[PDB]
Amino acid sequence: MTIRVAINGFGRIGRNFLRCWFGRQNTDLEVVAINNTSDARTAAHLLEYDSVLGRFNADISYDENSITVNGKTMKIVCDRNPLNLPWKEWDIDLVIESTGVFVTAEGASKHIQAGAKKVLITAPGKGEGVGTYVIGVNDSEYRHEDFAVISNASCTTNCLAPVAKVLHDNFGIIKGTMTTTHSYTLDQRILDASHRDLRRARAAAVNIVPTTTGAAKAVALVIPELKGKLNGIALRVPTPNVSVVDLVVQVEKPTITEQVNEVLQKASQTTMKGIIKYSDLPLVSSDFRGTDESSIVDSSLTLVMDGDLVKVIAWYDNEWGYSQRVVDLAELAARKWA
Amino acid sequence: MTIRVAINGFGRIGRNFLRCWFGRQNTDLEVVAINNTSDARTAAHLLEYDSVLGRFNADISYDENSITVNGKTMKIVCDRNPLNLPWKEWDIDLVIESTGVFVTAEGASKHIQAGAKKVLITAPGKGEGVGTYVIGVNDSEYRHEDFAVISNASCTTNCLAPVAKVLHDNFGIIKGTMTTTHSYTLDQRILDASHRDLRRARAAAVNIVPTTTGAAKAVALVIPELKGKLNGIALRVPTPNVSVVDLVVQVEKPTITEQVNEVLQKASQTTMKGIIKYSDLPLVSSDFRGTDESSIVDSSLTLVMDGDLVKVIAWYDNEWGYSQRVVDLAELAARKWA
Amino acid sequence: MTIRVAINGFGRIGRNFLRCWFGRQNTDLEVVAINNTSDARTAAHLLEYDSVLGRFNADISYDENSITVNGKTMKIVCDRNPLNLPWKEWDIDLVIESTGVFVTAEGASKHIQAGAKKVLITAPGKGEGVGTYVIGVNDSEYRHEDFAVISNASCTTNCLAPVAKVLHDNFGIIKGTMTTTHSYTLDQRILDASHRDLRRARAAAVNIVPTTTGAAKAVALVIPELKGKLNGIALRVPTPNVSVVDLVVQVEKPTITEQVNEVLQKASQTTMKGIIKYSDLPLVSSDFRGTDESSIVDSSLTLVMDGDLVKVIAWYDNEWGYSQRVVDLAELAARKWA
Amino acid sequence: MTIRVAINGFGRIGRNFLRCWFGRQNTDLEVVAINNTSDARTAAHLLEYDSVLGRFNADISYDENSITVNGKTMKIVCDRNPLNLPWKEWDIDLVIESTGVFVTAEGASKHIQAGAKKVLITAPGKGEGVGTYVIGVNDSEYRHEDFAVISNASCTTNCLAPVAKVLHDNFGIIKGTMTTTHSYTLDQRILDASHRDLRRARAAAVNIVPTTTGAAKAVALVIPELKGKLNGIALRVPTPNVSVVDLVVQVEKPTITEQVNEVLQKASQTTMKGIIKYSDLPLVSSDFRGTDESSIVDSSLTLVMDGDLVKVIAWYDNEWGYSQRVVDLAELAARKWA
Amino acid sequence: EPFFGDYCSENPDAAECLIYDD
Amino acid sequence: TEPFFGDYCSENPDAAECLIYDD
Amino acid sequence: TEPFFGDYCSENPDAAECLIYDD
Amino acid sequence: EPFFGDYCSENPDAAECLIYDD
Ligand SMILES: NC(=O)c1ccc[n+]([C@@H]2O[C@H](COP(=O)([O-])OP(=O)(O)OC[C@H]3O[C@@H](n4cnc5c(N)ncnc54)[C@H](O)[C@@H]3O)[C@@H](O)[C@H]2O)c1
Ligand SMILES: NC(=O)c1ccc[n+]([C@@H]2O[C@H](COP(=O)([O-])OP(=O)(O)OC[C@H]3O[C@@H](n4cnc5c(N)ncnc54)[C@H](O)[C@@H]3O)[C@@H](O)[C@H]2O)c1
Ligand SMILES: NC(=O)c1ccc[n+]([C@@H]2O[C@H](COP(=O)([O-])OP(=O)(O)OC[C@H]3O[C@@H](n4cnc5c(N)ncnc54)[C@H](O)[C@@H]3O)[C@@H](O)[C@H]2O)c1
Ligand SMILES: NC(=O)c1ccc[n+]([C@@H]2O[C@H](COP(=O)([O-])OP(=O)(O)OC[C@H]3O[C@@H](n4cnc5c(N)ncnc54)[C@H](O)[C@@H]3O)[C@@H](O)[C@H]2O)c1
Ligand SMILES: [Cu+2]
Ligand SMILES: [Cu+2]
Ligand SMILES: [Cu+2]
Ligand SMILES: [Cu+2]
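Residues numbered from 1 in each chain as written, not as in the entry; some residues may be left out. Chains lettered and ligands numbered in written order. Heavy atoms only, no water.

- For this entry, the PDB record names X-ray crystallography as the structure determination method and reports a resolution of 2.2 Å.

**Some points on the environment of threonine 255 of chain D**
Residue and element names in this part refer to chain D.
Here's step 1: Relative to the helices and strands, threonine 255 is located in the loop between β13 (243–251) and α7 (257–269).
Here's step 2: Take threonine 255: its relative accessible area is 7%, and that puts it in the buried class.
Here's step 3: Residues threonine 255 and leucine 309, spaced 54 residues apart in sequence, show a C-alpha to C-alpha distance of 8.9 Å.
Here's step 4: Aside from chain neighbours lying at most four places away, what touches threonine 255 is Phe171, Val260, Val304, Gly307 and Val310.
Here's step 5: A polar contact of 2.6 Å, which involves the side chain of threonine 255, links it to the side chain of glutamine 259. (Helix = DSSP H or I, 4+ residues; strand = E, 2+ residues; numbered from the N terminus. Buried < 20%, exposed > 50% of the residue type's maximum accessible area, 1.4 Å probe, protein only. Contact = heavy atoms within 4.5 Å. Polar contact = N/O pair within 3.5 Å; in protein donor to acceptor, adjacent residues only side chain to side chain.)

**Remarks on the site of ligand 2**
Here's step 1: Residues in close proximity to ligand 2 total 26 residues, the closest being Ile13, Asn36, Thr37 and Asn318 of chain B together with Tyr20 of chain E.
Here's step 2: Looking at what sits near ligand 2, you find residues from chains B, E and F.
Here's step 3: In this structure, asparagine 36 of chain B approaches ligand 2 through a side-chain N or O atom, which is 2.7 Å from an oxygen atom.
Here's step 4: In this structure, a nitrogen atom belonging to ligand 2 sits 2.7 Å away from a side-chain N or O atom of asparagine 318 of chain B. (Near = heavy atom within 4 Å.)

**Let's talk about the site of ligand 1**
Here's step 1: Close to ligand 1 lie 26 residues, the nearest being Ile13, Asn36, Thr37 and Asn318 of chain A together with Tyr20 of chain H.
Here's step 2: Residues close to ligand 1 are split across chains A, G and H.
Here's step 3: Contact between ligand 1 and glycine 11 of chain A: an oxygen atom at 3.3 Å from a main-chain N or O atom of the residue.
Here's step 4: Taking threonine 37 of chain A, its side chain carries an N or O atom lying 2.8 Å from an oxygen atom of ligand 1.
Here's step 5: When the free accessible area of ligand 1 is taken as 840 Å², the share hidden by the protein chains comes to 95%. (Areas by Shrake-Rupley, 256 points an atom, 1.4 Å probe, with all protein chains shown as cover.)

**Brief notes about the coordination of the copper ion (ligand 7)**
Here's step 1: Protein ligation of the copper ion (ligand 7) involves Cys155 of chain C (SG), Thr156 of chain C (N) and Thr156 of chain C (OG1), the donor distances falling in the range 2.0 to 2.4 Å. The pair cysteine 155 of chain C / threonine 156 of chain C is uniform in exposure class, with both members buried. (Donors = N, O, S within 2.8 Å, 3.2 Å for Na, K, Ca; no water.)

**So, the pairing of strand β10 (residues 173–183) of chain C**
Here is the key point about a regular strand: its side chains alternate between the two faces of the sheet.
Residue and element names in this part refer to chain C.
Here's step 1: Of all the 11 residues making up β10, 10 are buried; the element is thus mostly covered by neighbouring parts of the structure.
Here's step 2: One ladder, built from 8 bridges, connects β10 with strand β13 (residues 243–251); its direction is antiparallel. Paired with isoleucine 173 across the two strands is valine 251, which belongs to β13. (Pairing = 2+ DSSP bridges.)

**Some remarks on the interface of chain E and chain B**
Here's step 1: Each partner contributes residues to the interface: chain E has 13 residues there, and chain B has 20 residues.
Here's step 2: Between chain E and chain B the total buried area reaches about 1,500 Å² when both faces are included, carbon and sulfur atoms providing 51% of it.
Here's step 3: Together, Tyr20, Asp21 and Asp22 of chain E form the three largest contributors to the area buried by chain E at its contact with chain B, with a combined 46%.
Here's step 4: The tally of links between chain E and chain B comes to 3 salt bridges.
Here's step 5: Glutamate 16 of chain E is the salt-bridge partner of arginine 189 of chain B, the closest N and O atoms lying 3.7 Å from each other.
Here's step 6: In this structure, the connection of chain E to chain B is made through 13 residue pairs in polar contact.
Here's step 7: For the side of chain E that touches chain B, a count of residues per class yields 8 nonpolar, 1 polar and 4 charged. (Buried area = accessible area lost by both parts, 1.4 Å probe. Salt bridge = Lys/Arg side-chain N within 4 Å of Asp/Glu carboxyl O. Nonpolar A, V, L, I, M, F, W, Y, C, P; charged D, E, K, R; others polar.)

**Considering the coordination of the copper ion (ligand 6)**
Here's step 1: The coordination sphere of the copper ion (ligand 6) contains the protein donors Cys155 of chain B (SG), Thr156 of chain B (N), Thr156 of chain B (OG1) and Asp22 of chain E (O), at a distance range of 2.2 to 2.6 Å.
Here's step 2: Around the copper ion (ligand 6), the 4 donor atoms are arranged such that angles at the metal cover 55 to 158°; this shape is classified as irregular.
Here's step 3: You can call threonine 156 of chain B buried: its relative accessible area is 0%. (Tetrahedral: all angles 85-135°; square planar, octahedral: opposite > 155°, others 65-115°.)

**A few points about the sheet that holds strand β3 (residues 60–63) of chain D**
All names here are of chain D.
Here's step 1: Taken together, 9 strands build an open sheet; the order of strands is β3-β4-β5-β2-β1-β6-β7-β9-β8 and the sheet is mixed. A single partner strand is all that each edge strand has here, and the edge strands are β3 and β8 (130–132). With direction set aside, neighbouring strand axes in the sheet form an average angle of 25°.
Here's step 2: Where β3 and strand β4 (residues 66–69) come together, 4 bridges link them in antiparallel fashion. Paired with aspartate 63 across the bridge in β4 is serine 66.
Here's step 3: Sheet strands in contact with helix α2 (residues 40–48) are β3, β4 and β5 (72–77), and its direction is about 170° off that of β3. (Axes fitted to C-alpha atoms, helices over the stretch in contact; angles between N-to-C directions.)

**Side note on the state of the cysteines**
Here's step 1: One pass over the structure, following the stated rule, counts 4 disulfides over all chains.
Here's step 2: Each disulfide pairs two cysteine sulfurs, and for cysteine 9 of chain F the partner residue is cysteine 18 of chain F, the sulfurs being separated by 2.0 Å. Measuring handedness by torsion sign, the sulfur bridge of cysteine 9 of chain F and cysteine 18 of chain F sits at about -90° and is left-handed. One exposure class covers both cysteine 9 of chain F and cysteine 18 of chain F, and it is buried.
Here's step 3: Note on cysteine 78 of chain A: no disulfide assigned, nearest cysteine sulfur contributed by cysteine 9 of chain G at a separation of 12 Å. (Disulfide = S-S within 2.5 Å.)

This is how it looks when you write it as structure tokens:
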């Protein structure tokens, strides 16, 4: 009826997750511990005050080794080495791996060694051994005993895969490319500074910075059919949150723009309900802050060049939207704990 | 050997043009007058100091009715109605229409009525009657007596058309779509304010703002072959200058990425020399400020999905680059004055 | 009683003012009309979707010439000339003059000549015959028959005065200077463009822009004793909302940092309750979006140089905080009509 | 004579310092080595392409472990521990300590224990035994044998002191307070993230962020007479470079605004020639990118409240202006080696 | 174009009317 | 400083070139 | 205020969580 | 990966090493 969860990496996703969880009516989870590179004070403070989310409307307190939010206390640890975490003794079933540093089964496994039973990486799994799931796309194929280390993919993949599915199941994708105009993230530098990636090294708030992404391919993990068909790039721009994907795919079954949006719109209220949102209003990025859906199709922008060439634009709150999907995945595993 | 030019609208393009002109070694033009919604003082000041271009290294002075730069004096007028401008008496041959308000032959013609012999609109011509030229794409088809009202198209068209040409002349474009991640411009509001376009009404420096564009089609005016084949959208982002186009076209002659860049690279040093720049460095937008070329291909980003699906990314300094092309067009007309 | 109110200028203060109203306990006002440079469709869209405030949670619709919010319909007029407004025929008692244009006693009066019985200028009033009131400072000196045109002063004055008062009563200000690090506003150009004020002419989101201000000298209008004592400047920086003022006053009664903070805190809990907020947390500007108070003293920043040179730092949500004061001032006038 | 110099920390001040050098008349220094947390390829790319300074016009190349600029090759070391640097074996006379980490007299000394004969900290030195010098203020008190570890103080101190001096000599400062509206720097997080300082923890490009500063109190290190007289704070705002300080000093000899400006202007032309720039134009922050002087007085902003309360506003290119002073200080030490 | 049609026709350079084809 | 803006702003008080908010 | 940052920043003076520049 | 290969291996969370797949 309930699994104990620990959060490793109390960053953007780690804190967005905790807030998405507290905001829900019912849950089969219980967040009982957090590991981070900070003290409990810093943790409580960044959770309560957020430049993007605004102040967290909740009763938040803290002490040397814990923070408390609306009656629930969570132990605060600060060990960079997962192998030293007291997961076994704290009876931790699921660990949210959101440090962005343990994305391989090998690294994530360190939590299992420490005593955790399962680890859910909030990023694309690196190397072999991890099971990737995207709610609303292949969440139905979830088996508790399949992988001790799972992944909720990347935020782009979560916005892309759900749209690509409806597009493949209705028009059949022959192939396509994709560009995501993304908000800058913590892996970029505020000012021109040293970095293993010469583009990520440039001042993020004053440049349009291109970066290679795996999101396009990653869709192939939740939609095998598309294996090797999609591809893309990323353009980071001066906004702190909310991104948008530009998907151009060569359909197999020639159609028209009105049909494409008719399909997408149908999904938003049926199959992809809660995952895909259908927007037909002249809106902008900030309007989508706090949007729970994973993909927000801007209908007025859909293009069908010559019956078979389709172009779709979908927004997504890379932090909040994605984090609702992490809560979803965690909840799934909770409802199917073995 | 020389034509007298007047600048109508001393805005971003109007001032970038004047600076591009002063920066050249030789010219068949002589800028002798400027009309604007300001006084001579404001004109001299904004020309000298620029948030994007930096200080104009030149001897600039002014008085009640004129500004002087490096010995050349230019009369300063301030009449919003072109029909009242003393073009005839000031022996004005060419007028740079850069107010952004007289884009139809009808409106631009008001300068002819006022006595000017030719008008070059720094934007896509609206309605029938204007001749559109894009240096390096169809500048060879220029006839002085063809149109008294010409157009240098839009900045996107100038970056797009030159690339689409090389792509059509080498692989043959069957069709395609395009998205331009553009810097915000003066038609957008700094904060959420009233506007005939609900998206352009939103705070430009904190939003990703989509807008419909004609650039995609406009290419058909300089490359008839592509008539009705290309199409696109625009995403304005929080940067004050420099944009980048994302072109995805279905080639007719299957190829590979290395070939596509081999072609583009060839053009940069031959046919499209001075128009297209070939960049194979991990750079970002600010790096392209002050770049004279019209299209700056980022090779490392070129994609060829399944032999026939090509995706190209090209940067462009929408203000400076485009303005060099306006100077070019003006110079052409000067060298062929009838 | 329920006086009838009309809004002239449905911009930032205009729409913010409304939302403050629609969210209050009880009301002695009734907004029945809104004059703006736009159609009803635009006015409805902007009141709902906001880049700063976020989506307006309310039932909103509109028709050919009016908007309805939570059952309340308000007529939408679109005349740039106050003299031509249907104030008389619409039995309008009070006009909220928030266009930013009719701020002189002479221009505001045009609403009176059109039928309105009283006009409230949401900015410093220039000229003679205007009653300026700062809630919590001199609002008790309000008399319905004292002035037909009243002013709520500027947002900086609304932050400056409440604090200047507590510091004067308690320590008596001899002289003083101030500087406000303000968010940019709609009077500044998004990119270098013509402006009567060469500093307001510069790209707003990429510059720190100094501007003269009459907020310091205006404090004298509500605290007569300070007349000729305070002066300062303003520096607009790249943030869309929320500002902070830096006050440095020479006091007569020497004190220490803790004393200054103790009284400011005392007032925030007593006399200045609801007007001056006391903050001892290490927060940043975005943490104050939505703060109702007018002055939010940042206690850890208070400093007292050599017993008599005091420096206080106070944040203020220039759009939302100020609007609450405008709704406060309108209520005062409603509770004292005749 | 030509002393041998090594750069520890090739960041903003690091690379800016170099470019200032490579662009000077004559030199008594010779940069032979650069220690940075990166490979030579990265160090070469960042010295050339700059988001703020723009492309470095110079011949630049690099090899497996060094970079050559205009014929001059400099060795590239990559050791985070100063104690392990080849200073002794490379006959390094002076080290430019610009990592931002070894700023205590104790940490800087590690360069000495490694062989360097002298170390110049490009920031305020903490601890005992450090010689602080502000060019144009107390640089004539320089003596090679006075200190092995010297400091060029902070960029704000370099703007504050030169002005505090002229205002003290001429009017004698009794007491004073200051506030600097500074561009964000690499010590701030791009998005809300863990930091020992809760304010530096907040998203830099979307917040006005207050921080404590020892720039005001540090002025006492170069103008002993001011010790215990000046204090202030700092406010980091969303601009990548260029700052402005707001000084409010109580003077002994009452004066008027014109007098304060007349002396500041006098000095800018005489004693403070090359250090304090006098500006009477209505400019904005970006207009000062590249200004060599340390203090750029904005005369139209000068104010004198009641004869003895003076307020001066001075701009400073915190990266480039400060670097010129670091190159100035290194030259002084080279001209006085032994 | 209820309002902006007629309005933008007389003040095509008004803040609410500018549309630059980008 | 009104060789133009005086009249222009008098006649077009809401023009982008004329707006002055007392921040 | 050093229940963590004291040691951490002592051992990792260049960490993103430790940088303090005297602006 | 001359420098960053070995360096980023010991400090994968260092400012110069973070790479978030976006
Ligand atoms: N838009 C987004 O931010 C987004 C969306 C989807 C997925 N992700 C993914 O989530 C991960 C984290 O991203 P983020 O945006 O939250 O970044 P972030 O930097 O804010 O979060 C990382 C957090 O982990 C902590 N941390 C780092 N190393 C640690 C260790 N060894 N032990 C304990 N704590 C440690 C940091 O202190 C920080 O609090 C990445 O893999 C990223 O790609 C991010
Ligand atoms: N990136 C770009 O800025 C860019 C690139 C290519 C083309 N363009 C095009 O150039 C035109 C102007 O763009 P901009 O960026 O220079 O904008 P801008 O607003 O800076 O320039 C317009 C200028 O015209 C003046 N003006 C307006 N109405 C006038 C009138 N009736 N009489 C005299 N002067 C008048 C304004 O005062 C201003 O100085 C537009 O059509 C635009 O689409 C812009
Ligand atoms: N931080 C703040 O925004 C702030 C705080 C306090 C006071 N104010 C004051 O409020 C006033 C407006 O500022 P704002 O921020 O709301 O700007 P804004 O531009 O968003 O609002 C002005 C509104 O007036 C409309 N308008 C212009 N001319 C008009 C006319 N002739 N008839 C009818 N409507 C017209 C505009 O279309 C717009 O909707 C200014 O005087 C300003 O100084 C602003
Ligand atoms: N406006 C300014 O930027 C400014 C002005 C005056 C003084 N400063 C001072 O200069 C110092 C650096 O600031 P910055 O702006 O150049 O920041 P920065 O981060 O760009 O530069 C610091 C550099 O040091 C390197 N580094 C870090 N740890 C190292 C180690 N152990 N060994 C070798 N290299 C290492 C980094 O990789 C980086 O290249 C600070 O103390 C700061 O206060 C900055
Ligand atoms: Cu993503
Ligand atoms: Cu364009
Ligand atoms: Cu204000
Ligand atoms: Cu400084």
